[PDB]
Ligand SMILES: *[C@@H]1O[C@H](CO)[C@@H](O[C@H]2O[C@H](CO)[C@@H](O[C@@H]3O[C@H](CO)[C@@H](O)[C@H](O)[C@@H]3O)[C@H](O)[C@H]2NC(C)=O)[C@H](O)[C@H]1NC(C)=O
Ligand SMILES: *[C@@H]1O[C@H](CO)[C@@H](O[C@H]2O[C@H](CO)[C@@H](O[C@@H]3O[C@H](CO)[C@@H](O)[C@H](O)[C@@H]3O)[C@H](O)[C@H]2NC(C)=O)[C@H](O)[C@H]1NC(C)=O
Ligand SMILES: *[C@@H]1O[C@H](CO)[C@@H](O[C@H]2O[C@H](CO)[C@@H](O[C@@H]3O[C@H](CO)[C@@H](O)[C@H](O)[C@@H]3O)[C@H](O)[C@H]2NC(C)=O)[C@H](O)[C@H]1NC(C)=O
Ligand SMILES: *[C@@H]1O[C@H](CO)[C@@H](O[C@H]2O[C@H](CO)[C@@H](O[C@H]3O[C@H](CO)[C@@H](O)[C@H](O)[C@@H]3O)[C@H](O)[C@H]2NC(C)=O)[C@H](O)[C@H]1NC(C)=O
Ligand SMILES: *[C@@H]1O[C@H](CO)[C@@H](O[C@H]2O[C@H](CO)[C@@H](O[C@H]3O[C@H](CO)[C@@H](O)[C@H](O)[C@@H]3O)[C@H](O)[C@H]2NC(C)=O)[C@H](O)[C@H]1NC(C)=O
Ligand SMILES: *[C@H]1O[C@H](CO)[C@@H](O[C@H]2O[C@H](CO)[C@@H](O[C@@H]3O[C@H](CO)[C@@H](O)[C@H](O)[C@@H]3O)[C@H](O)[C@H]2NC(C)=O)[C@H](O)[C@H]1NC(C)=O
Ligand SMILES: *[C@H]1O[C@H](CO)[C@@H](O[C@H]2O[C@H](CO)[C@@H](O[C@@H]3O[C@H](CO)[C@@H](O)[C@H](O)[C@@H]3O)[C@H](O)[C@H]2NC(C)=O)[C@H](O)[C@H]1NC(C)=O
Ligand SMILES: *[C@H]1O[C@H](CO)[C@@H](O[C@H]2O[C@H](CO)[C@@H](O[C@@H]3O[C@H](CO)[C@@H](O)[C@H](O)[C@@H]3O)[C@H](O)[C@H]2NC(C)=O)[C@H](O)[C@H]1NC(C)=O
Ligand SMILES: *[C@H]1O[C@H](CO)[C@@H](O[C@H]2O[C@H](CO)[C@@H](O[C@H]3O[C@H](CO)[C@@H](O)[C@H](O)[C@@H]3O)[C@H](O)[C@H]2NC(C)=O)[C@H](O)[C@H]1NC(C)=O
Ligand SMILES: *[C@H]1O[C@H](CO)[C@@H](O[C@H]2O[C@H](CO)[C@@H](O[C@H]3O[C@H](CO)[C@@H](O)[C@H](O)[C@@H]3O)[C@H](O)[C@H]2NC(C)=O)[C@H](O)[C@H]1NC(C)=O
Ligand SMILES: *[C@@H]1O[C@H](CO)[C@@H](O[C@H]2O[C@H](CO)[C@@H](O)[C@H](O)[C@H]2NC(C)=O)[C@H](O)[C@H]1NC(C)=O
Ligand SMILES: *[C@@H]1O[C@H](CO)[C@@H](O[C@H]2O[C@H](CO)[C@@H](O)[C@H](O)[C@H]2NC(C)=O)[C@H](O)[C@H]1NC(C)=O
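Residue numbers (the working numbering), protein chains in the order written: chain A, 1 to 347; chain B, 1 to 347; chain C, 1 to 108; chain D, 1 to 109.
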């Protein structure tokens, strides 16, 4: 440097000519760069992650005019960012899906390329319709030729997915076993995703490809509301589907000191699985809710079966003074909590 | 340039050597600059407006080290900004009051200077206690010596100010003559300030210095609410005092259709001078104000005799439905306005 | 017309409307029970047709800091005595009627 | 006071208090005249102690944009029939009584 590259001015490495990356990794001058122009070379056929071996914040990469034809799903793995990728005027027969893996790439130039249209390009298909990566204007067409951004459409799809929960209910300390059936034709990788099951003993690897077996043993109540997801990746794209478990345990309940806000409110917190049905008592007898005295639930919080709310009293008087009892019932039985409330002194 | 000046580099004219201003206004190089360093120079005794003749945008001016004994109350007339002025280590016996003239001058160095303590230095005096121009830290003292930022104090004063309006009230199309008597022992300039008296014929110059005559002839009413101020500058500071005329015209009144805000309100506008007294009638008979039905004025606007307000009704009922008359009275007679108001139907 | 008051006066956060209700026939008592309201009543003499003073919301709230609060106007009530038919006998009982229009806050 | 409702609940812009008033002796009628309020009344042979349901401010309002508005809470009224006195005239007249606490808005500057 200078010898065959490094001109530009800012964070740019410019080598618009024959390949010479053999020593541009050992002692190039700066692993940092932002633009790489390689729109001209004689070699470059197999582009792998090694060819990019070098941490860098690059936003523009030009590999048009070259010889590349097989880009294995990995490559740009390094450059976390990347907004514009120009691979135009090359030999690349097809560009694997996984390549982009949502890198926020804003512009992707693929063209004058053989671009044999396969199912393994439905993704660029989408990208054209959806008008995402600035694919539209380019007017891409197929090699051999069955010409272009037209294309059999229904004959390419993502894999299908159903996951069978145990048909019977569940109770704490059981074994919950289940399979994830991926039904399609592309057929590549698969594997579950556990969103932190620190409270249960999971047992996977019980499957190959037609099905993936996952079993949770000696199951704690802390399984509730924890998505249990599974993978699927055809030759073009990915589908994840996720289900849940629902382990049951007895009702618990508590009431808080009545508080006057816009309306009066007797706050309550109730848990239990199955979720319990609620009923109130006023001085030991059934309290029928009205438009002025009724139960109101706050919005359920993220992954926690506990519910909060109030017995709301719209302008209650001294005739409403008394003992309020909340009864939470489920299969296991019933929990109860009482509290005295005075809303106004009597005459 | 160069030859006896202009080194620096940026916005700067640097001549810390010797007199060379005799031709620094004809062909200097660039009218603009920002810093002038004239520490050290035989000539330059009287600094005047003719010496800075070069419409500049200077923020720093150093005139330390020189003969500079006098600084005509004008000099810095050209330079509008000026934050720092260094006239130190010199031969200044005193610095006129006007000199500064609010330039937001942030720093003023007046040092190693003869600095004979007169009344004309009370301003400096103040800048010290006020702790403003960054005087304090310098420890300025008095020449000949009666030494410093101590000093006879009360014996120094600005001027006193009285303006005798006519004894008798005024009616439109009269003359109104008045005098401004300034008493003090400084004694310099004086003069009235008329803030737009387009509506009347003024005639001043009716005085010298013990008294200043001013007369407003064929007086309109548009003289009302108009500050008529007079000047005064002694050998250290300035006092201006301002009186008002009050000319009298007849009452005028108007009502607006009742509207419901927080309370109901019958909007009114009344003019006149003397200001009229308000009185309401409900269906032709006097309405006694109470805490629920009362008259209310908005804050008075500057430079206007017109008043705005409401007859305020706190939750009136059909029993308040009727004709509301506002009576506005002053020495010329009475103005009247009526309106029908319905706050509620009445089965 | 343009009067300074539309800008400098005291306004309501919620607009209401007061009317006189004399065709009330039902209402809910203090026990939240639905009760019948007598059209008339009579004090050791002639009859006073039963009328009620009501204020409800006039068709968020004004002046609310919308950055931290959601809001809405709503009609609140009051308890007033009235000659009613308890579902058994005639009695002087407290019934619920509209009485004002207020603003309700809820965090964002 | 760690209950979610203390945070996600519906609050009043102005806080009030409700009480039964039974010692009321004077009041102002629909005409704005100060009248006497009796302590009992005879509704169909049934002697009643005169009681009133009153709501007043709990002594700027909550949630107001204080950058742009001055404000305060205030007690508003309702008119309710009551056995009163104007001379030797015991009558069935409407009087003014506390019924709510509302927020009064006012532009600033
Ligand atoms: C297993 O776990 C489920 C967690 O997703 C849970 O489902 C329940 O979800 C809520 C309460 O958690 C309830 O759904 C109702 O749906 C109606 C109609 O959309 C709404 O109007 C109502 O407000 C409420 O959202 C039900 O209690 C239940 N939903 C179902 C599945 O019917 C249950 O604990 C359990 N669900 C299963 C698989 O039965
Ligand atoms: C609202 O009513 C509740 C039931 O009517 C009441 O619950 C409990 O009240 C007290 C303690 O809070 C207890 O009552 C005692 O129970 C023992 C054991 O049976 C008896 O020997 C004794 O005579 C007395 O009844 C109970 O724990 C329970 N009441 C019962 C017996 O059902 C709430 O206390 C009440 N609200 C409040 C706190 O005032
Ligand atoms: C010249 O005309 C003026 C306009 O009519 C008149 O205004 C003044 O009137 C009286 C004078 O004592 C004062 O008004 C008071 O203002 C205070 C608040 O500042 C109020 O609390 C009080 O109730 C009363 O309104 C003011 O000095 C001033 N008010 C006005 C109208 O702005 C002058 O009095 C009159 N003077 C001459 C030269 O005769
Ligand atoms: C497993 O992962 C999450 C539970 O930890 C679930 O999440 C969901 O969150 C809400 C549903 O409560 C939704 O959020 C998306 O949709 C809203 C409204 O359409 C949009 O604002 C935005 O698209 C949100 O991302 C979704 O249902 C879901 N969020 C997403 C997209 O992950 C998640 O649902 C659950 N797995 C599934 C998909 O069943
Ligand atoms: C001529 O010019 C103005 C009227 O046209 C008057 O001005 C003054 O206005 C107010 C009087 O309302 C003076 O007082 C206010 O300021 C003091 C602070 O010193 C506060 O206590 C309070 O805010 C007062 O309301 C101001 O000092 C002055 N305003 C300015 C220009 O700063 C002026 O008075 C009038 N001449 C006369 C005296 O007739
Ligand atoms: C990645 O490299 C691509 C190849 O160089 C480049 O293509 C574009 O090149 C220039 C950009 O200025 C433009 O070429 C046009 O060619 C037509 C045909 O002669 C002219 O009529 C027109 O005036 C213009 O010169 C096009 O924008 C485009 N040309 C093609 C199809 O190669 C990409 O722009 C580049 N990606 C980036 C970073 O934008
Ligand atoms: C106008 O000229 C003033 C004097 O020429 C100047 O005062 C300052 O002078 C220098 C700044 O260059 C500093 O004083 C120094 O003091 C040390 C001793 O501590 C000496 O060793 C050194 O030679 C020099 O004299 C001070 O910053 C200050 N003088 C003092 C100590 O009061 C004004 O700053 C200048 N006005 C401007 C800002 O243009
Ligand atoms: C509420 O009552 C007001 C009476 O104070 C009334 O004022 C006006 O009433 C009529 C129509 O505007 C006019 O009355 C005149 O009265 C003189 C008396 O000698 C007659 O000679 C004349 O023929 C006429 O009837 C006046 O314009 C005025 N009344 C006076 C003189 O005060 C209001 O109009 C009424 N409310 C409304 C707006 O309808
Ligand atoms: C990749 O490297 C740079 C991005 O980091 C690119 O640069 C340019 O960036 C933008 C477009 O991305 C150009 O346009 C800006 O200016 C216009 C004014 O017409 C505005 O609309 C807006 O501010 C745009 O962001 C810039 O002009 C240019 N940057 C410079 C040098 O100022 C660069 O083009 C890209 N390299 C390639 C060609 O691959
Ligand atoms: C006239 O000349 C300049 C006009 O803008 C001013 O100068 C000063 O500028 C800043 C004011 O705080 C200071 O400079 C220091 O800060 C800069 C900015 O980071 C740095 O380059 C370095 O730390 C400087 O020392 C000084 O007070 C002064 N500049 C210097 C060092 O000459 C100022 O308005 C006036 N100059 C003076 C002080 O007479
Ligand atoms: C196959 O191509 C068809 C072409 O229409 C796709 O259909 C969609 O077309 C639009 C999306 O760009 C939208 O109208 C709809 O998403 C959908 N058409 C409708 C309304 O049915 C389709 O999504 C593509 N993929 C497949 C095989 O379903
Ligand atoms: C004269 O200078 C003094 C500084 O000491 C100023 O301070 C005053 O402080 C008190 C005011 O309540 C009193 O002690 C004096 O009025 C005065 N101090 C003295 C004794 O001088 C004072 O404002 C200055 N006087 C003038 C000309 O305004």
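Note that the Cβ used here is the ideal one computed from N, Cα and C, for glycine as well.
Item	Value
Span of the beta strand (DSSP E) around residue 89/B	Premise fails: residue 89/B is in no beta strand (DSSP E) and is neither H nor E.
Residue(s) in a DSSP beta bridge with residue 323/A	340/A
Distance CB(residue 214/B)-CB(residue 247/B) smaller than 8 angstroms	no
Cα-Cα separation, residue 319/B to residue 347/B	11 angstroms
Within chain B, partners of residue 11/C - CB distance below 7 angstroms	261 and 262
Near ligand 4: residue 227/A beta-carbon under 7 angstroms from a heavy atom	yes
Euclidean distance between Cα positions of residue 204/B and residue 229/B	13 angstroms
Proximity winner among 333/A, 100/A and 187/A, relative to residue 250/A (alpha-carbon distances)	333/A
Same chain, Cβ closer than 6 angstroms to residue 180/B, neighbours up to 5 away in sequence not counted	163, 212 and 230
Distance between beta carbons of residue 111/B and residue 138/B, contact taken as under 8 angstroms	6 angstroms
Buried versus exposed call for residue 79/A [16 or more other C-beta atoms within 10 Å across all chains shown]	buried
Beta-carbon neighbours of residue 308/A, restricted to chain D and to distances below 9 angstroms	3, 4, 5 and 8
Buried/exposed call for residue 345/A, threshold 16 Cβ in 10 Å	exposed
heavy atom of ligand 11 below 7 angstroms from residue 157/A C-beta	yes
DSSP state of residue 189/A mapped onto helix, strand, coil	strand
Cβ of residue 39/C within 8 angstroms of any chain B Cβ	no
Residue 330/A CB to nearest heavy atom of ligand 1 below 7 angstroms	no
Near-chain C residues of the region 272-305 of chain A (beta-carbon distance less than 8 angstroms), N- to C-terminal order	290, 292 and 293
Rounded straight-line distance, which links the Cα of residue 37/A to that of residue 56/A	15 angstroms
Contained beta strand (DSSP E) runs [length at least 3] in the region 78-162 of chain B, N- to C-terminal order	84-86 and 107-109
Per-residue DSSP class, three states only, for residue 287/B	coil
Other residues of its chain near residue 32/A: CB distance less than 8 angstroms, five sequence neighbours each side excluded	11, 56 and 57
Neighbourhood of ligand 9 [Cβ distance below 7 angstroms to any heavy atom], ordered by chain position	34/A, 35/A, 59/A, 60/A, 62/A and 84/A
Where residue 222/B falls: helix, strand or coil (DSSP)	coil
Opposing strand residues paired with residue 27/C [DSSP bridges]	35/C
Heavy atom of ligand 8 within 7 angstroms of residue 257/B beta-carbon	no
Candidates 42/C, 4/C and 76/C, of which the one nearest residue 291/A by Cα	76/C
DSSP bridge partner residues for residue 313/B (one or two, in chain order)	264/B and 293/B
Per DSSP, cross-strand counterpart(s) of residue 213/B	179/B
Any non-hydrogen atom of ligand 5 closer than 7 angstroms to residue 189/B Cβ	no
Closer than 8 angstroms to chain C by CB, residue 19/D	no
When 47/B, 49/B, 141/B and 253/B are compared against residue 276/B, the one with the closest alpha-carbon	253/B
Contacting residues, own chain, Cβ-Cβ under 7 angstroms from residue 48/A (five flanking each side not counted)	72, 74 and 75
Closer than 8 angstroms to chain C by CB, residue 64/D	yes
Nearest neighbour of residue 117/A, chosen from 1/A, 44/A, 151/A and 106/A [CA to CA]	151/A
Ligand 5 heavy atom lying under 7 angstroms from the CB of residue 302/B	yes
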